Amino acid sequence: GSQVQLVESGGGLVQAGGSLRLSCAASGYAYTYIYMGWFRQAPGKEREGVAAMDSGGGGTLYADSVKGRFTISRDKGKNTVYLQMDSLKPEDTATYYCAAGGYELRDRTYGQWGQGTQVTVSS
């Protein structure tokens, strides 16, 4: 385990109005990442921060478009971050990326990235 790996699971294809969970677990880093979060890149759009949370479970921030529908949590394992996604909308279709080691929802501050997990919300 010489490499840091942000292992992404969950996501995938779902109907509009449905629910998904995304899970991310880091391996290969011996300490705790202060911030972890989820970013996404939707078709036709730049990458954006979706949700982020600090290692104490605080400093929680959401994109305005997902507040009240998505819930981020870090209480389920060291350097793990989960995103419960309810009431999904077609415009939530995107590649979702786990990120670790940055600050808030600022993409340029994160240096460890998952490979990306497709989420597709159909009508």
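A residue's number is simply how far along the shown sequence it sits, counting from 1.
Higher average CA B factor: 54-62, of the stretches 54-62 and 94-102. Judged by mean Cα B factor in the deposited record, 71-79 ranks above the other of 37-45 and 71-79.
Among the modelled residues of its chain, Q112 has a C-alpha B-factor that falls in the lowest third according to the deposited record. For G11, the recorded CA B-factor ranks within the highest third of the chain. Only modelled residues enter the ranking. Annotation for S27: C-alpha temperature factor in the highest third relative to the rest of the modelled chain, per the entry. Annotation for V121: C-alpha temperature factor in the middle third relative to the rest of the modelled chain, per the entry.
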